[PDB]
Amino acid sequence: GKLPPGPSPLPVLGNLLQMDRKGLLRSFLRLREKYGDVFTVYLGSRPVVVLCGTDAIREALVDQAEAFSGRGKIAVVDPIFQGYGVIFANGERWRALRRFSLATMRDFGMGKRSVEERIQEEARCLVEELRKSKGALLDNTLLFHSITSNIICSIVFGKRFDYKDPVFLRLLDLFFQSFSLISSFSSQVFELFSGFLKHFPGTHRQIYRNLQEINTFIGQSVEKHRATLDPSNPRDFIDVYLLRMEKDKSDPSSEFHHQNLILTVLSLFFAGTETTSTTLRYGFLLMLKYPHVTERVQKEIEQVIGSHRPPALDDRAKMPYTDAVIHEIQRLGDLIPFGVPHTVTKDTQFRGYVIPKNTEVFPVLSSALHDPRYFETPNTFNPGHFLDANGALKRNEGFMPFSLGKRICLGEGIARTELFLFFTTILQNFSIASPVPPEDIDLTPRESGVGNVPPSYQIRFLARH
């Protein structure tokens, strides 16, 4: 068969030279109009299939769920192919270890009420920090990365850190050092400091010192966990990992398992922090721009929850307006616009084309979240996109911010619970304000017109009743 159509490739560098300063997404818009909703682009010598709009993406990821279930391969864009290989973590074992972690993640005890509990507790701690600010203008970027990372910490180590715990501050600094703590100005900051960062003396020394401290912490925590381990009551991720190790007959002193544990915990930290944090940050920017929406949410909190008690996950079912607002925030927020790449597990036939085994495939989630076939005003913030005439929450096929099919976001439940409880506990306790009138606030994704980054903004949290 033939691959889906697309712009003609240059031998060996494919379509890398033919991209626009306009931006990747707008360019994907152009190719789709020119070639349709399934097209092929060449990253160097390697073809990549691009899936646009709700229907094509669901046809692949749901209708042919297994065929499209392959995990992405980022080796693809890796320049060093004058050797090929990949230096893929010390042999067959590390393949073993990564699936050990995946299993542990997939086999790690939901304890939904215990996760809910952890998030309520974090939400309380956040409210006390916000009250202290006494309505001062602030940048909420660091706080929102703090609360989301602290949930991961509580699920991994069994308890949250204090916000100014030295080890917690090193974790947050590592986020900064790895770019998982960026703002609107960050890129001009990096640019200003480029000679420092890239020429001399770089940041590897500072990153090293952070990782050593984090590594020490984790090792000590592992020991303290092992010393009190109870198979009938796994407390957290470390316990579940230890339990699987015990079962595997694994050396308690393995360096491989120790390394593997830390890399898995870093993965969890990174996955669990940035997208959720940025969603909250964007949500409050939208709440500033639409004060009547925010008022309606506060009205619903009052009706269903009241003051007097903290929001609980069970309240969401009774708060369709608030739930719609959060859906809409995620929709317009569009945190992972190109999706996470998949590969097909075998030769795949798709709308009459053939996609060779192990070809990279991007389900462009932005093109579903903005699909006019499913949302009447894709580029306008409107909670009504998720509400019917009776005011009840409406299911929308186009709503796939966590992807779909076999490998939907493993954190989708924790993420949605954080969004619901953080948004409602904050708004129950505070009103918000900024120095910019709503009609003047600009929500366009800053950073070169593309890519990401919500505009950085100032906000006041004004304590209620």
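Position 1 is the first residue in the sequence shown; the rest follow in order.
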**Message:** If you average the CA temperature factors as listed in the entry, which stretch comes out higher, 144 to 152 or 173 to 181?
**Reply:** 173 to 181
**Prompt:** On average, which has the higher Cα B-factor in the deposited entry, 72 to 80 or 334 to 342?
**Reply:** 72 to 80
**Prompt:** If you compare 226, 235, 164, 308, which has the highest Cα B-factor in the entry?
**Reply:** 308
**Complete:** From 95, 370, 198, 289, the top C-alpha temperature factor is at 95
**Asked** Comparing residue 248 with the other modelled residues of its chain, is its CA B-factor in the lowest, middle or highest third?
**Response** highest
**Complete:** Chain thirds by Cα B factor, record data; residue 39 belongs to the middle
**Item:** CA B-factor ranking of residue 51, expressed as a third of its chain
**Value:** lowest
**Item:** residue 364 by Cα B-factor - lowest, middle or highest third of the modelled chain
**Value:** lowest
**Message:** Split into thirds by Cα B-factor across the chain's modelled residues, where does residue 407 land: lowest, middle or highest?
**Reply:** highest
